[PDB]
Amino acid sequence: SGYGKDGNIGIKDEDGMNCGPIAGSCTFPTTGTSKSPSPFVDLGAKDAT
Amino acid sequence: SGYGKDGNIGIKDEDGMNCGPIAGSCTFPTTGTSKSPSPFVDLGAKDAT
Amino acid sequence: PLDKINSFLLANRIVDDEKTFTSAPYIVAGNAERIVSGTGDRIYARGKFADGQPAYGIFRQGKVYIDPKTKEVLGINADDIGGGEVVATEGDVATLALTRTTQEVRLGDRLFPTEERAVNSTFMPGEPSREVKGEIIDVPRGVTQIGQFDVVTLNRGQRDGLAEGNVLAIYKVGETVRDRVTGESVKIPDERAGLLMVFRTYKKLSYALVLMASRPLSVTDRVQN
Amino acid sequence: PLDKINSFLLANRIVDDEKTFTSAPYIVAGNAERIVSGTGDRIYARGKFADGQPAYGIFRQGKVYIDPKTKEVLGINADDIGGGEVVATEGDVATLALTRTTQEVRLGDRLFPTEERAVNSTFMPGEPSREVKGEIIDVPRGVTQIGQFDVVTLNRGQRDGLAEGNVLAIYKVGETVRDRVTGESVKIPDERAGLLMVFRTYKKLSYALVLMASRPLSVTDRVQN
Amino acid sequence: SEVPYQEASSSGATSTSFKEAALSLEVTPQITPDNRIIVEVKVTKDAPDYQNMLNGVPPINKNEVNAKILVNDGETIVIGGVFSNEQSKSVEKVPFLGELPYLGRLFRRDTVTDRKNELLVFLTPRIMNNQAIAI
Amino acid sequence: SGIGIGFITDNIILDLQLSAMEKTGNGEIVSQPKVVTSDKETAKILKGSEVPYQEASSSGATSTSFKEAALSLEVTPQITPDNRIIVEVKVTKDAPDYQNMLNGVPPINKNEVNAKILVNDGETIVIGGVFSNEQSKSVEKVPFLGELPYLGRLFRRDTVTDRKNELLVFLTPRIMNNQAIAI
Amino acid sequence: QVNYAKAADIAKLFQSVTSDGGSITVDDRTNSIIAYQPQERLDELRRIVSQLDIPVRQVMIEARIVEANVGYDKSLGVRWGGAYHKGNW
Amino acid sequence: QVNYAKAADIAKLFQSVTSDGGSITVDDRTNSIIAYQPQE
């Protein structure tokens, strides 16, 4: 996360998961997500500054 | 658990169990869990710092 | 007359060649006596200056941007300590004592070699040549309209003329707007009471203690005669 | 001069051989007069010391860790009571009277045999040999920068040199960081006014009452000359 | 700026208290012939309290030195100054895992903070008579 | 902090946990105020903040009380010929109370020594100081299991805390006449 | 003219001079005292003036506060709980 | 000049001297007492 204009998109991914995409990760090597609407809305508002 | 930036992922596993994965452990040698969504969301927010 | 010169002499801290030690700063540091200024106190510094010149001049860096087509800044080296002397320590660091001249020396400041320049009170009568005409910028004060006297930095074309002529009168150019006819505003120079005494460091700008006779003039104004 | 020596003599409680009675502590206890200190009061203690030596020195255990490769602690035996004498009781316990010297004797403390050492004021003129150079640690005070005077424990390599040279000057090493160039910090020794008077117990470290001439030096600093 | 205190104590004591958190100089210079001044100067740097802005109990912060000193006109001295050096080290470690060299870092929680703030006030008097006498 | 769990459930349910925490903290605060004073005259340096008390007692006593939790020096030096000063100095280090920030009853914390001493110019003495050595040991044990050597550790709850805080104030006067006389 | 000495103080010195065995004027702005009086008293007062108009000696007082806090705390809670056979400490 | 003694205290000592059987001047800044009086 940043600090001057703090950003930690891990929690943003949490917010996206709230939006409804499928994220699966069984081990650190293996992960995959689909149907993610978080970037266009979450990034736009969060990054409005 | 840490202390400077405290972390005890045992309770995080509790939060994940709240999320809904199947965790079974009948003895200390034997345990297994599946359908865990806790790492991507819980780690992202908890570890945002 | 001598007292006026003494006031300037108190204000004579700015020297030329900021670029030289920007390329080779002598780095001061030290928390053994953690101060950003002292009189006779001990600071340490890294550079050959420790090995070489015992005295040195502590200068903060200002920039005088003239000749916009050439876009050159001949900077201002504000001399922080009046003087200092050294002891040598291993590691290329030094331990110096400081004769302070009103300017705090940042613990992480830039040090430059000592360059003693002789100034006299013989400039008091003045050396007025009118042809020299130029703007003024970059006062350490930074305040517009400073009065009574101040250390000013005349500009570069103005600086070469200064090499010709030491003294000039003050002009404040004020814009007058044709509010009820066109709205156009025309800058008009207003001759201002008070004149500059100029000491010129060739290859740099002119360090001038201007005595302002009442008129408070902006940081940028026309010095002319 | 004698009064300075008297102050040290008041501070001369630390003795060698912590290891010996760590291996064989003389165990003090007693609630008949439940005190952790007294003057002439009665404490009891278990050990042959009751059977044997009537006096003894009460020492708390400090550790002076030098020679990190050898990683040896030669400890500090802080003498609690000035003196004491015994009466013998069955059960190998004893009942003693205590001449107290400012140090409380924990009811469950460790007792060691009495070892009277002669100190003189003849050390006052000093015995300065520069070659001896070493760090300082483990002051009973535990406070860094202690001044005016204090009982310090010079280190072991320093201790052998001490066996050669009694007196040395104070140095406080302070790290100066090149904050605006590299951020690297270089420790620079600063010679400090004030010198140590050293009394050396061979097979242990040197117990030194250092007189600090103003300079407050950290618990670990370079004693050198 | 002068924070006020509304303290209208009913029986005749209206203290609309105030005190300005400000930079200020109160100077009383005495001029000696040899171009020096012994001046009694109160130098105050006071910052407006946050809690005052909070409308709670306002602790304004004052850094002020008041003293009389002798200096020549061309000379600056430190009326006063203070350096505050804060060195804080905190180590938190599970003992067994903390002991491990490669895992102690993974089991030792380290917080080290060094905060050093220094405040210093200088002063220089330039006699204006040097110009006033010639004027 | 640290926990180790061993659990059986199928044959018997036996959960055995060992919970251990170790904390080490070292804090050093070094604050130095320097004041230049004329001979036989009082001077002060103050850095800190003045908590006020709103005590408008109605009948004519408005005590907008205040007191600054600050580092301060109040010095009255007397100069003797042999380059020494006997000075009456009040040295205060007071920290702004938390409870004051709480808007409750504010207990500010004061560490202040006031005393008059004689020192040479090149000499520093301890006006005062205090060392606080806290040694706390607590052992909690079920008696029968605590007795067992290998299981007492597994049945003795040990809390040992050593907190030692020391505060000391030094002073050194450098006569400015050494420069002022030459100036 | 007495720069380092208050004019009133000089007047007191002259009063002491009178006590030894005479008109005094004080100028506050210049701190300058004009005395019309016997020459000998005048000269003695002048010497007193020379002694009094001495620069007051400033000293830089540096008193430093050092606080050291070392804290080591260890706590171990050992727990053995089984409800299967109701044995739990 | 009395550095360790207050000038007023010295004046009191001289007053005691007068009681034994005479002009005193006190300088506060220097704490220096000038006395014009019999030599003894």
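Thresholds, definitions, all that
- Residues numbered from 1 in each chain as written, not as in the entry; some residues may be left out.
- Chains lettered and ligands numbered in written order.
- Part of a larger assembly, values for the part shown.
- Heavy atoms only, no water.
- Residues with missing side-chain atoms left out of burial classes, pairs and counts.
- Helix = DSSP H or I, 4+ residues; strand = E, 2+ residues; numbered from the N terminus.
- Contact = heavy atoms within 4.5 Å.
- Rg over C-alpha atoms; globule rule 2.2 N^0.38 Å.
- Pairing = 2+ DSSP bridges.
- Nonpolar A, V, L, I, M, F, W, Y, C, P; charged D, E, K, R; others polar.
- Axes fitted to C-alpha atoms, helices over the stretch in contact; angles between N-to-C directions.
- Parallel < 35°, antiparallel > 145°, perpendicular 65-115°, else oblique.
- Left-handed = near helix turned anticlockwise from the far one by under 90°.

As documented in the archive entry, the model was determined using cryo-EM at 4.3 Å resolution.

Enquirer: Outline the overall build of chain C, supporting the account with residue identities and numerical values.
Expert: Secondary structure assignment for chain C yields four helices and 16 strands. Dimensions of chain C along its principal axes, counting C-alpha atoms only, are 75 × 40 × 30 Å. Residue pairs in contact within chain C that sit at least 24 positions apart in sequence constitute 58% of those at least 6 positions apart.

Enquirer: Provide a residue-level description of the overall build of chain F, including the pertinent values.
Expert: Each helix and strand in chain F was counted, giving four helices and eight strands. Its C-alpha atoms give chain F a radius of gyration of 28 Å, more than 25% over the compact-globule value 16 Å for 183 residues. If one aligns the C-alpha atoms of chain F with their principal axes, the spans along those axes are about 90 × 55 × 25 Å. In chain F, the proportion of contacts linking residues at least 24 apart, taken out of those at least 6 apart, comes to 44%.

Enquirer: Now, about the pairing of strand 9 (residues 93-100) of chain D: what can you tell me, with residues and values included?
Expert: Every other side chain in a regular strand lies on the same face of the sheet, so the side chains alternate between the two faces. All names here are of chain D. Direction of pairing for strand 3 (residues 43-46) relative to strand 9: antiparallel, over a ladder of four bridges. Within strand 9, the residue paired with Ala45 across the bridge is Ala94. Pairing of strand 8 (residues 81-88) with strand 9, which is carried by seven bridges, proceeds in the antiparallel orientation. Its bridge partner lying in strand 9, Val86 is registered against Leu96. Here strand 8 folds back onto strand 9, and the loop between the two strands holds four residues, one of which, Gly91, carries a positive phi near 95°.

Enquirer: Tell me about the interface of chain F and chain G, and please be specific about residues and values.
Expert: The interface of chain F with chain G comprises 53 residues on the first partner and 29 residues on the second. Taken together, the elements giving at least two residues each to the side of chain F that touches chain G come down to strand 2 (14-37) and strand 8 (156-175) of chain F. Take the side of chain F that touches chain G: its biggest share by element is 24 residues, from strand 2 of chain F. Split into classes, the residues belonging to the side of chain F that touches chain G amount to 23 nonpolar, 15 polar and 15 charged. Judged from the 18 bridges that link them, strand 8 of chain F and strand 3 (residues 59-82) of chain G form a sheet pairing that is antiparallel. Of the residues in strand 3 of chain G, the one forming a bridge with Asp158 of chain F is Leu76 of chain G.

Enquirer: Could you give an account of the arrangement of the chains, with specific residues and numbers?
Expert: Of all eleven pairs of chains sharing an interface, the pair with the highest contact count is chains F and G. Regarding chain A and chain D, the two do not touch, and the least distance separating their C-alpha atoms is 21 Å. The two units chain D and chain E never meet; even their closest C-alpha atoms stay 13 Å apart.

Enquirer: Quick one: what's the story with the sheet that holds strand 5 (residues 60-72) of chain E, residue by residue and with numbers?
Expert: The sheet built from seven strands is open, its strands ordered 3(E)-4(E)-5(E)-3(F)-4(F)-5(F)-6(F) with antiparallel pairing. The open sheet has two edge strands, strand 3 (23-32) of chain E together with strand 6 (109-120) of chain F, and neither has a second partner. Put simply, the sheet's adjacent strands are angled 20° from each other on average, direction ignored. With ten bridges joining them, strand 3 of chain E and strand 4 (residues 36-47) of chain E adopt antiparallel strand pairing. For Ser24 of chain E, the partnering residue across the bridge sits in strand 4 of chain E and is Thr44 of chain E.

Enquirer: Describe the pairing of strand 11 (residues 134-137) of chain C, listing the residues and the values that go with them.
Expert: Looking at chain direction, strand 11 of chain C and strand 16 (residues 222-224) of chain C are connected through two bridges and run antiparallel. Residue pairing for strand 16 of chain C: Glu135 of chain C is matched across the bridge by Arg222 of chain C.

Enquirer: Could you give me a rundown of the packing of helix 1 (residues 9-19) of chain A against helix 2 (residues 38-46) of chain B, with the residues and numbers involved?
Expert: When two helices pack together, their arrangement is captured by the angle between the axes and the distance separating the axes. Orientation of helix 1 of chain A relative to helix 2 of chain B, taken along the N-to-C sense of each, is 140°, at an axis distance of 7 Å. By the criterion of interaxial angle, the relationship of helix 1 of chain A to helix 2 of chain B is oblique. As for how helix 1 of chain A packs across helix 2 of chain B, the hand of that crossing is left-handed. Two secondary-structure elements touch here, helix 1 of chain A through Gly10, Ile11 and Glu14 of chain A and helix 2 of chain B through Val41, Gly44 and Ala45 of chain B. Grouping the amino acids of the contact of helix 1 of chain A with helix 2 of chain B by side-chain chemistry returns three nonpolar, two polar and one charged.

Enquirer: An account of unusual backbone geometry is needed here, citing residue identities and associated values.
Expert: Of note in this structure, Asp67 of chain C is not a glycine but carries a positive phi near 55°. Relative to the helices and strands, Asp67 of chain C resides in the loop between strand 5 (65-66) and strand 6 (72-73).

Enquirer: Can you explain the sheet that holds strand 15 (residues 206-212) of chain C? Please cite residues and give values.
Expert: Here six strands make up a closed barrel; going around it, the order is 11-12-15-14-13-16 (chain C) and the pairing antiparallel. Between one strand axis and the next, the sheet turns by 45° as a mean value, whatever way the strands run.

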